[PDB]
Amino acid sequence: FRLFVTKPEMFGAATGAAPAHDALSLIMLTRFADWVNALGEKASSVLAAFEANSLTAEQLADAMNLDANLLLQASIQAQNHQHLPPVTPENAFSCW
Amino acid sequence: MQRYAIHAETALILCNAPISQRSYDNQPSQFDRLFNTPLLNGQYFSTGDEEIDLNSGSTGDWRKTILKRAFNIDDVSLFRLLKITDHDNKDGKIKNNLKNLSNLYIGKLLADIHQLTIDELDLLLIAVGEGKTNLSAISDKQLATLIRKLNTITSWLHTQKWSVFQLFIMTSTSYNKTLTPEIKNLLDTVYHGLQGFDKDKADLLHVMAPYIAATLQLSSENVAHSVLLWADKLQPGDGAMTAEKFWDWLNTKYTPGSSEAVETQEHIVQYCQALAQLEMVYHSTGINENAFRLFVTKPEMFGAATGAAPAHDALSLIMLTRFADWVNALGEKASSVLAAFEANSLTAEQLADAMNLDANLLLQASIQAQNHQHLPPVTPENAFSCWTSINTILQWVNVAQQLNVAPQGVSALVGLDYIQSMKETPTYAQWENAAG
Amino acid sequence: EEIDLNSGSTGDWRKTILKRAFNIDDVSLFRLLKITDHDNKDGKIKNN
Amino acid sequence: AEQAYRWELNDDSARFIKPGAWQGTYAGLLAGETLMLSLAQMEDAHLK
Amino acid sequence: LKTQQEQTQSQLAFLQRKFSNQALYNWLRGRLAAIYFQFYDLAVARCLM
Amino acid sequence: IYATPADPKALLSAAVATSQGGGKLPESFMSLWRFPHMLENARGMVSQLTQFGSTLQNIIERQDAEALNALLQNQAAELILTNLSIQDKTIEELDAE
Amino acid sequence: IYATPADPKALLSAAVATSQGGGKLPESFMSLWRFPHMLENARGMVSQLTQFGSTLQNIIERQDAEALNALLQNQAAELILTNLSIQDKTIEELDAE
């Protein structure tokens, strides 16, 4: 919650903007909260790697209990298609 | 066929045989009912010299599609099925041999009959210790041992109600490098507590133990001293960290409260998460507090090799639980056996008092355990001072009480072995005495 | 005839019938002898 | 009390109070019990 | 019954996120017992003095 | 064909601990008093810091005991709405019997 | 022929106590103070050791009270999975009735 009020650009807001509190932004905080609860015991090791910019697909697939190449191929295909917030290799696992 | 409720041709693949290409009873072959039970767009799948690209991100030809339909997996699990089969494969491409299709199919059956995913199979084979062996170059003897280890552990996880992902946390040797707030509280509490430490006056492991137990959520300092003493024998992480190297970094290079990246910080996080793994190993395998110290100091008492570090794989977590289920079955006389087991003064008469058995029952089970060829051999020196030997003797009791016979009545059946008969054939009278 | 009733003697057919008539193994048959006869040194008894 | 210790025994390098009794993570609940030990280490070193 | 599972988890989340959880008293016991032994060696020293 | 429903999922939540930084020692001061008179001044100063810490530990325990009881009554006021709808279906059954 | 199942077994566990060794007395020191001034120094030194021991006894009781409550909620979260599977078999019966 401190990361939301200091760096909202980590959570999908525009750079240099105040963090909004409308109904579209309360869904994002709940889907983030349901995401960290699904990590379980490895939730603190992801959020510490998410507050810094050192979160990788191999570290996330360990906590999501997924295959390591599954989040790699999902990250490759997220960069080759035209999403309106575009997924780049810089913000692939450092923007929500 | 009886253990996993499968057909005879599926059990034939698990005995290192290739996929059959012959019809049986005007039904199609095993090769046809896997790959061609409908024909995919009128194209027959036949074995040849064609390459099949099995990488995770290659939209291959129609031959990769049939491998996905015959095995019921996607591209991602088919690349991991290849790495379980062939660790030596550099690329993803294989040949369309019958030997290669039978080795991809033998790896998928090991996940099917144990109700596992390819992810749950690969993380289990690392936890077993067979994580470096190829299914493409495996023999008949090593394959039956591999299925026996998968049969032992998965049926044990059902009684313990654990997942494969829960077992893999307690068996992993690769650690995360990310500094969590739970490790910052460990790095701060040990630093501010050991400020006036003298090396000559006190042991380092003893004075760290109040501050290690305060941040690993341990109820005891006796446990935390055994937690630290075990990690000095593995030297976990990439830095091969001992607890003596841990304080030399923490005294001279760590600043409490800072967000600054220290030089060898990632080797410290791998050490602090090996101590947190130890907290999970002690509480899950419900072992005694004194007997956990006996595991981390003298593992040769518990079946390990002499002068070796105590392992923490899936084969060693079964041994700690079967030891913990054994001391719980002793009840009020459990402390008198474990005190006689830490010394070398445990006898068969003292154990039969606590097991509520006959005194001559464990005597005859100990005599027959020494006259037969167990691969850890039971000698009169380690008959009740090694855990593998006590586990061996108690199996002679569990078979003799199953057959309602004596331990030498079980040994009469062992002497009726067909391979042992080639040196000395039993007469018809010796079968007639054993039948009575 | 002697019947060897020790705990670790795979005896003759006469010890087997003592186990079938009493529904016990060799080990409980030696302890049944010590309940009966404390003065018996060996395990062997007569077929009286 | 540390500066009065340093002035009576000519030891400016002496240090008993260390910056770790306040832990903001656990709200410093053992701040008084830590400083009471450091005052007891200071006087026991003074009596000797 | 799906509400009671949601309510049991809301209690288990409360017992792990409050300040006075088990992780507090593991720290309070492990730190004070290191103080309580070092204070004893100073307290028995003046019983000898 | 009849399809069985999925098994009930096990809920899980995170327990991410916090970590606030350590403080630094302020600059020392050379007073007028001797050692046995400033130590007794400091010992009664620290023994009051112990009584504030034992009081603050009591207040947090009473805070988390009243935050749990307010949670237990907001949960008991939610289960009473569902059990009062089941009783509507018990009376509706007896009008259908 | 119909064979009855075995009777339910009684579970039992061990309660093996621990035993750590006794300590030895350190070497005594001859101070400057007389007996009525060092005894009063020692009595206030031991009366603080009593307050540390009563505080440490309180923390262990609160540690074992919170370790039990975390056990009671992990056990209550396991019984709710079985009772939610029985309710699946109650609805499946009413679709079979």
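Taking each residue of the range C:2-28 that is more than 8 Å from every other protein chain (Cβ to nearest Cβ) and β-branched (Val, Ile, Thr) and looking for partners that are part of a loop (DSSP other than H, G, I, E, B) and surrounded by fewer than 16 Cβ atoms within 10 Å (Cβ to Cβ) with beta-carbon atoms closer than 7 Å, six or more apart or interchain, yields C:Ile3/C:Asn47.
Just so you know, in the range B:203-226 the residues that are part of a helix (DSSP H, G or I) and not hydrophobic (A, V, I, L, M, F, W, C) include one that is nearest to the other protein chains (Cβ to nearest Cβ), and it is B:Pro210.
Filtering G:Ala70, G:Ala65 for residues that are touching a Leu at 6+ places or on another chain (Cβ under 6 Å), farther than 19 Å from D:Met36 by Cα and in a helix (DSSP H, G or I) leaves a single hit, G:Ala70. The sole residue among A:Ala68, A:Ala43, A:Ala49, A:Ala92 that is closer than 22 Å to B:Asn176 by Cα and in contact with a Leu (Cβ under 6 Å, 6 or more places away or on another chain) is A:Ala49. The residue of the range B:296-309 that is farthest from the other protein chains (Cβ to nearest Cβ), among those that are over 13 Å from B:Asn222 (Cα atoms) and in contact with a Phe, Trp or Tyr (Cβ under 7 Å, 6 or more places away or on another chain), is B:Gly303.
Selection over the range B:83-109 of residues that are surrounded by 22 or more Cβ atoms within 10 Å (Cβ to Cβ) and within 14 Å of chain A (Cβ to nearest Cβ) gives a count of 1. The residues in the range E:1-19 that are within 15 Å of G:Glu78 (Cα to Cα) and not aliphatic (A, V, I, L, M) can be counted, and the count is 10.
If you go through the range B:110-125 and keep only what is buried (at least 18 other Cβ atoms within 10 Å of the Cβ) and part of a helix (DSSP H, G or I), you end up with B:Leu110, B:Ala111, B:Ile118, B:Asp119, B:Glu120, B:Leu121, B:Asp122, B:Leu123, B:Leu124, B:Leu125. Filter the range B:356-382 down to residues that are within 13 Å of chain C (Cβ to nearest Cβ) and part of a loop (DSSP other than H, G, I, E, B) and give me whichever is nearest to C:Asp25 (Cα to Cα). Restricting to residues being within 13 Å of chain C (Cβ to nearest Cβ) and part of a loop (DSSP other than H, G, I, E, B), the top hit is B:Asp358. Selection of first residues in the range B:78-92 that are closer than 15 Å to B:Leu67 by Cα and of second residues that are in a loop (DSSP other than H, G, I, E, B) and among the aliphatic types (A, V, I, L, M), restricted to Cβ pairs under 8 Å at least 6 apart or on distinct chains, gives the following pairs, ordered by first then second residue: B:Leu78/B:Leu54; B:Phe79/B:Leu54; B:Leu81/B:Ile73; B:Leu82/B:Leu54; B:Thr85/B:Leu135; B:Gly92/B:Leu54.
Specify the residue that is nearest to B:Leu205 (Cα to Cα); the eligible residues are those in the range E:1-37 that are within 14 Å of chain B (Cβ to nearest Cβ) and surrounded by fewer than 17 Cβ atoms within 10 Å (Cβ to Cβ). Of everything passing the filter in the range E:1-37, E:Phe37 is nearest to B:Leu205 (Cα to Cα).
In the list B:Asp325, B:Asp353, which residue meets the criterion of being at negative phi, more than 13 Å from chain G (Cβ to nearest Cβ) and not hydrophobic (A, V, I, L, M, F, W, C)? One residue alone meets the criteria, B:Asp353. Pull up the range B:258-293, narrow it to residues that are part of a loop (DSSP other than H, G, I, E, B) and surrounded by 15 or more Cβ atoms within 10 Å (Cβ to Cβ), then point me to the one that is nearest to the other protein chains (Cβ to nearest Cβ). Taking the candidates together, the pick is B:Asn288. Annotation: B:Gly331 fulfils all but one of (1) over 26 Å from the mean Cα position of the chain (by Cα); (2) under 30 Å from B:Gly129 (Cβ atoms); the unmet one is (2). Assessment of the range G:19-27 against the conditions (of a type in the set (A, V, I, L, M, F, W, C) and surrounded by 10 or more Cβ atoms within 10 Å (Cβ to Cβ)) yields no matching residue. Of the listed requirements (1) part of a helix (DSSP H, G or I); (2) more than 22 Å from B:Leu357 (Cβ to Cβ), B:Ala324 misses just one: (2). The condition of being touching a helix residue (DSSP H, G or I) at 6+ places or on another chain (Cβ under 8 Å) and either under 24 Å from E:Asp41 (Cβ atoms) or touching a residue at least 12 places away in the same chain (Cβ under 8 Å) (or both) does not hold for B:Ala202.
Of all residues in the range B:241-257, exactly one satisfies the criterion of being assigned to a loop (DSSP other than H, G, I, E, B), more than 14 Å from chain F (Cβ to nearest Cβ) and touching a residue at least 12 places away in the same chain (Cβ under 8 Å), namely B:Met241.
For every residue, the table says whether it meets (1) touching a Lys or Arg at 6+ places or on another chain (Cβ under 7 Å); (2) not in a loop (DSSP other than H, G, I, E, B).
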site	(1), (2)
F:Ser13	no, no
F:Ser19	yes, no
F:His37	no, yes
F:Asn41	no, yes
F:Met45	no, yes
F:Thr50	no, yes
F:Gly53	no, yes
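Selection of the range A:30-66 for residues being more than 14 Å from chain F (Cβ to nearest Cβ) and either hydrophobic (A, V, I, L, M, F, W, C) or more than 19 Å from A:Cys95 (Cβ to Cβ) (or both) yields A:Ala52, A:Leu55, A:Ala57, A:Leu60, A:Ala61, A:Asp62, A:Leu66. When the range A:7-28 is filtered for residues that are among the β-branched types (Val, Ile, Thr) and touching a helix residue (DSSP H, G or I) at 6+ places or on another chain (Cβ under 8 Å), only A:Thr15 remains.
Consider B:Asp140 carefully, then state whether it is among the acidic types (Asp, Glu), free of Cβ contacts under 8 Å to residues at least 24 places away in the same chain and surrounded by fewer than 19 Cβ atoms within 10 Å (Cβ to Cβ). For B:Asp140, the condition - among the acidic types (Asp, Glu), free of Cβ contacts under 8 Å to residues at least 24 places away in the same chain and surrounded by fewer than 19 Cβ atoms within 10 Å (Cβ to Cβ) - is not met.
Residues that are touching a helix residue (DSSP H, G or I) at 6+ places or on another chain (Cβ under 9 Å), within 7 Å of another protein chain (Cβ to nearest Cβ) and more than 17 Å from D:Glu33 (Cβ to Cβ) are absent from the range G:46-64. Here's a check for you: in the range B:181-202, which residue that is within 14 Å of chain D (Cβ to nearest Cβ) and in a loop (DSSP other than H, G, I, E, B) is surrounded by the fewest Cβ atoms within 10 Å (Cβ to Cβ)? Per the stated criteria, the residue is B:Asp198. Look at the range G:12-32: where a residue is more than 14 Å from chain B (Cβ to nearest Cβ) and a partner is part of a loop (DSSP other than H, G, I, E, B) and surrounded by 10 or more Cβ atoms within 10 Å (Cβ to Cβ), sitting 6+ places away or on another chain with Cβ atoms under 8 Å, you get G:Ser28/E:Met49; G:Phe29/E:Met49; G:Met30/E:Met49; G:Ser31/E:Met49.
If you go through the range F:70-82 and keep only what is within 18 Å of E:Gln4 (Cβ to Cβ) and either touching a residue at least 24 places away in the same chain (Cβ under 8 Å) or more than 7 Å from chain E (Cβ to nearest Cβ) (or both), you end up with F:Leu72, F:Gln73, F:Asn74, F:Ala76, F:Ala77, F:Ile80, F:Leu81. Annotation: D:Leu39 fulfils all but one of (1) in a loop (DSSP other than H, G, I, E, B); (2) away from chain B (no Cβ under 11 Å); (3) touching a residue at least 24 places away in the same chain (Cβ under 8 Å); the unmet one is (1).
Cβ coordinates were reconstructed from backbone atoms using ideal geometry, including for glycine residues, and neighbour counts include every protein chain displayed. Computed from the coordinates by the stated procedures, all read-outs in this text should not be read as laboratory data.
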